[PDB]
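Have a look below at one chain only, the form deposited in one PDB entry, in structure tokens format.
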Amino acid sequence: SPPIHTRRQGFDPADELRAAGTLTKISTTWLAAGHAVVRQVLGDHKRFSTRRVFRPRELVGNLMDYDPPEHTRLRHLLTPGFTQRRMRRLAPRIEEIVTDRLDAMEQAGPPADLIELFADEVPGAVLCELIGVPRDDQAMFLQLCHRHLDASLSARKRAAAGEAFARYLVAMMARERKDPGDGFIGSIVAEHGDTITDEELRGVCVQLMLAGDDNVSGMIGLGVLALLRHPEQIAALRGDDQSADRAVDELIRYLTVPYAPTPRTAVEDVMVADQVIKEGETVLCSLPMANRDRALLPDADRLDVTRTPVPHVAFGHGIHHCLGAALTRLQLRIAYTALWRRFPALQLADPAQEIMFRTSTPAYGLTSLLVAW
């Protein structure tokens, strides 16, 4: 059996997951599935810790494993690489990535596999640009990041691939702090040079690659599928930016591709209505269920990309709130809209083909999807 909280039926939480109440004990591990209680657990950074003298090297630079104040210091040091100013300069390059991938689809001719050629390819490439990987090494570099996580390969090969792309980053770090550029690494060392260690920079870049790929790829796949299954909603994505951004936020909430945030540990007894989360007990948050809660919005189970945005928790909530949220929203807008600009009569190549869901990774997605136009 796979854990109840990772179970989906189509786009929805699985029926046994839709059955668990707001906060129940499950195998002592708690399952928080209500929007209010999930916001409370993520928001209360004093009574809940996210960590498992302590921190192993693989977890170094992984902000999700830091409590404050350490978390506060490190997250702050990353700031100059995430400015709106810096997001806006990313934009033309993101559009160029999306274009080259749409060209690939067209070459490959209808039908094409959207997931293999587009969804699994754009997020990785956007990430390479964010951190500043040399242009024509990005395919190579991504191959290593992907091999590192490809569960089908032996744990031997995987550790190999992980080491190699970390070696690459170290090599890359030397160059861009010997005499800094103005990309990600450069702007951070120019501001906080002898504050942030090389261990932290090395670790941050790695975790970035492992935080912003699988989530975006799932969103691209499931989003295109959700829109084709409700083709009336596509229009929201053929208008201006304000409509596309609104549609994107609804797809983000409706799909909620991550099953759970980092597990939380009660730092003390925490009272919630008539139950008590005893110190040391752990909390699992179901982000999908929380985003289907009637207390968050009416008609929660219907997709409506023209609906006013709500305080969903697909990006988390509080101090660990997704560091790539703005970048995700920008990618997804550029991706979704360029796709229908290029292929206005986009459709499933084969409406009778079984839908191929991605269930093994931390993010719901598709493993493939043949499309025609």
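We number the residues from 1 along the sequence you see. Just so we're on the same page, rigid core means the largest C-alpha set that superposes within 1.5 Å between forms.
Missing here is the form deposited in another entry; even so, the following discussion is about that form.
Quick one: with the rigid core lined up, which of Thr195, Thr262, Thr79, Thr72 moves its CA 2 Å or more between the shown form and the other one?
It is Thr79.
Following rigid core alignment, is the displacement of the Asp241 C-alpha between the shown form and the other one equal to or greater than 2 angstroms?
It does, since the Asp241 C-alpha is displaced 2 Å or more between the shown form and the other one after the core fit.
Specify closer or farther for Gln84 and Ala190: how their Cα atoms are spaced in that other deposited form versus the shown form, given a shift of 3 angstroms or more.
They are farther apart; the C-alpha distance rises by 3 Å or more in that other deposited form.
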